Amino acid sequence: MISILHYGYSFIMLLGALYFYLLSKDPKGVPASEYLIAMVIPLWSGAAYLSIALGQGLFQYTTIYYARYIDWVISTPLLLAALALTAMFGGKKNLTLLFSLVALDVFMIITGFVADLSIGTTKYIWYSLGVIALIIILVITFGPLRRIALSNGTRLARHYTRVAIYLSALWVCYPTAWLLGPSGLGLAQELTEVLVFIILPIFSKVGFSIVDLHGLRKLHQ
């Protein structure tokens, strides 16, 4: 079942990527960069999850699905880039703020991998550092990055706020599931965690970009 779920995931990622490609051909004032980011996220995630489907992207240690970290270390910084460029749409870019989010995010995913390879107090030190990185990402998202969105007018700021809440709601689920599941306290069963880390990312990767791109395209007319 776990294999088939991962094949299904990879197929949905492929369909999302093709959809973003088709949108890219009639862009409606959205720059090519935002379509490229929207395509890379699902294609990379699809490849990583394909490796799990084939029985390759995991080892016994508990089962570490290390292919999830290979996925997230690329897909999650690109999602924050997508979010930052939404805030900056129609105005001057702040690439310093964007790379701040990328750095916090890459650190966050690495702490998750290290936490998974750790035992006891050490595991929760790494987990805690990752949670602190996420909190700072959310502070940037609803603080300075939202103020950039407000500077780009009512309609953009409304769209940004919707996508920021969408992303934030989904992202806080990941460390929650991780702590509850086999990598953490072991309250939730492996199969439950597998379904959560199939369904969440479908919304985090394809859903997010459908909402993000549709809202930006609508600003054209």
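Numbering starts at 1 and runs along the sequence shown.
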Does the deposited sequence hold unmodelled residues between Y61 and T62, and if so, how many: none, 1 to 3, 4 to 9, or 10 or more?
1 to 3
Per the record, averaged over C-alpha atoms, which has the higher B-factor: 117-125 or 137-145?
117-125
Would 52-60 or 148-156 have the larger average of its C-alpha temperature factors, as given in the entry?
52-60
Between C173, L195, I165, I41, which one tops the list for C-alpha B-factor in the PDB entry?
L195
Looking at the temperature factor on the CA atom of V211, which third of the chain's modelled residues does it land in?
middle
Lowest, middle or highest third - CA B-factor, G186
highest
Third of the chain, ranked by Cα B-factor, where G46 sits
lowest
Relative to the other modelled residues of the same chain, rank the CA B-factor of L179 and answer lowest, middle or highest third.
middle
